Every structure is written in structure tokens, then in C-alpha cells.
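Listed below, chain by chain, are the residues.
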Amino acid sequence: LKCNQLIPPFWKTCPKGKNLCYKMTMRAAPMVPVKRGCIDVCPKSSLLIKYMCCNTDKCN
């Protein structure tokens, strides 16, 4: 269970508990990928920022 952060080859193995990941793109702008990382589950997405969470590696 691992996930890529932004774009060039740089992913990381997620820690126990957090077998999921995400990609916080901004809704303010179209979908600007600001954050990306290893979590468990997505928090409350803000109207200004979309939290694109998943359980599968690479998805972010």
C-alpha cells in the first residue's frame, strides 16, 4: 500500500492504519493539486478545496 504524491517519481509507503491516500485539489481554481498524501479517510471537503481520497495506490 503506497501512493505517489505530486508528479515526478516520488511515492511513499503509507503507515499502518492509513492504508489509504488522497489528493487535495482546489475547487477555487478548477482542480489544482495542492496536497496529496497517506491517510485513512477524507475529511470534510471544503467548497474551495476538493479532497480526492481513495484506497488505491497511485490514485493521487
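Parameters and conventions
- Residues numbered from 1 in each chain as written, not as in the entry; some residues may be left out.
- Heavy atoms only, no water.
- UniProt positions renumbered as here; feature names shortened; annotations may be inferred.
- Helix = DSSP H or I, 4+ residues; strand = E, 2+ residues; numbered from the N terminus.

Structure determination for this entry is recorded as solution NMR.

As annotated in the PDB entry, the protein carries the name CARDIOTOXIN GAMMA and is attributed to Naja nigricollis. Listed as the entry title in the PDB record is "REFINED THREE-DIMENSIONAL SOLUTION STRUCTURE OF A SNAKE CARDIOTOXIN: ANALYSIS OF THE SIDE-CHAIN ORGANISATION SUGGESTS THE EXISTENCE OF A POSSIBLE PHOSPHOLIPID BINDING SITE". Checking UniProt for the protein, the heading Subunit contains the comment "Monomer in solution; Homodimer and oligomer in the presence of negatively charged lipids forming a pore with a size ranging between 20 and 30 angstroms." A UniProt comment under Sequence similarities is attached to the protein, and it reads "Belongs to the three-finger toxin family. Short-chain subfamily. Type IA cytotoxin sub-subfamily."

### Overview of unusual backbone geometry
Trans is the common state for peptide bonds, and a negative phi is the common state for residues other than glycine. Even without being a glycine, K58 presents a positive backbone phi close to 70 degrees. Of note, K58 is situated in the segment after strand 5 (49–51).

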